[PDB]
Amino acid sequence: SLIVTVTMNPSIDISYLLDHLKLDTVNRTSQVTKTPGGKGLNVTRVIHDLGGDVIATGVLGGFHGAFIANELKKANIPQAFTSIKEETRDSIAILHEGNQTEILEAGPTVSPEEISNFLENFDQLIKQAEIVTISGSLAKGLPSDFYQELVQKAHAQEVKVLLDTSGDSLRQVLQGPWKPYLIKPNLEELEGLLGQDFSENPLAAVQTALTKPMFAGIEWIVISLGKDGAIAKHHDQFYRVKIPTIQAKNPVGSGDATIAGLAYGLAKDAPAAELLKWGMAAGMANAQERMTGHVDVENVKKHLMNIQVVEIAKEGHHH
C-alpha cells in the first residue's frame, strides 16, 4: 500500500570529510558529498531501500530545490513536491577528528498562497494513500500548529499518520483534537515534554508518563532508546523491545530509519511484535552504514530473527 512522506523543510545535505579543521584559515578537501536531506527524505530513502511503495511530498524552491528533485529522479524515487519561490536551504556537516560540527540555516519563507497550493496537492495525494509519515520541523511562514491540519485531512480519508516531530510543533498536536496513529519520541524528547529526568531502568516511569492525558487517543507510542532498543505502548498494552549489539558506523538518522520500518510494517498489516521488529531492524541497519538515510536490506532481514518483543504485565496481575 502507498506511503506518502512529508518534508516541510528539506535541504541539500553537504558533508565534508577533513582530518583537521583549522580555525581562521583555508581548509581544502575533495571529500565532499551533497545529498537530498532533511528527516523526511531520510525516511523516504529507507522505505525505498526496503522495497516499499513510497512517494515524497513537501515544498522545494529555486535551483537548490531543482537539484534535490533531479537527484530523486536519478534514484527513481517517486515525488510530488509543491513549488515555492524562495530557495531551499543547505545543511553543512563537517566531519573531523571524530566530531560532527554542523551549520544549519533558517531557510526559505513559505507564503500564504504557497501554503494553499501545498494543501490542495496534499488532499489529492492522501486520497491515494494508506499511510502518511510527517517528519521534522516547520519551514518559516507555516503556523506552529500546521501539523494539526495535516492530521485532520488524513482522518477524513482514514489514513494512518506516523508523526516524528518535537517542541512546539509536537505539543500543539498533543493539545489538539486530531491525534496521529503513531508517535516516536526519543527519551530526551520525552524528558523535555514532561520536564522529568529519567534514571537507569526508566521503564516504570515511562509507563506512568505515557498514561497521562497529554498522550490520550494515540494508538501507538514508540520510545526509542538507541542501542538499548525501545519501550512501546499499543492502547493499554506495554512492550519492552530488546535488540542485539552491533558495530555502528554512523547512527545519525537511525530515528528516521525506524519511522521508515514502522511505516513499511504497517503497510503490510504486520501484527504488533513484527511491526516493532521492522522498526528496530531498519534503525539498526542505518546505524551500520556510513552514509545517512540508507540501509542494506540483507542486514535488515538478519536483524528481524534476533529481536525479542516482551509483553509487560498489568498492575492487577495476581490481583
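A residue's number is simply how far along the shown sequence it sits, counting from 1.
Stretches 87 to 95 and 138 to 146 differ in mean C-alpha B factor, with the higher average recorded for 87 to 95. Two stretches are in play, 23 to 31 and 41 to 49, and the higher mean C-alpha B-factor belongs to 23 to 31. Residues shown: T101, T133, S116, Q175. Highest C-alpha temperature factor in the entry: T101.
For the set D164, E200, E120, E71, the maximum C-alpha B-factor listed in the entry falls on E200.
Sorting the modelled residues of the chain by their CA temperature factor places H64 in the middle third. Placement of the Cα temperature factor of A257 within the chain: lowest third of the modelled residues, per the deposited record. Sort the chain's modelled residues by C-alpha temperature factor and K160 lands in the lowest third, per the entry. Among the modelled residues of its chain, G283 has a C-alpha B-factor that falls in the lowest third according to the deposited record. Compared with the other modelled residues of the chain, the Cα B-factor recorded for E219 ranks in the lowest third.
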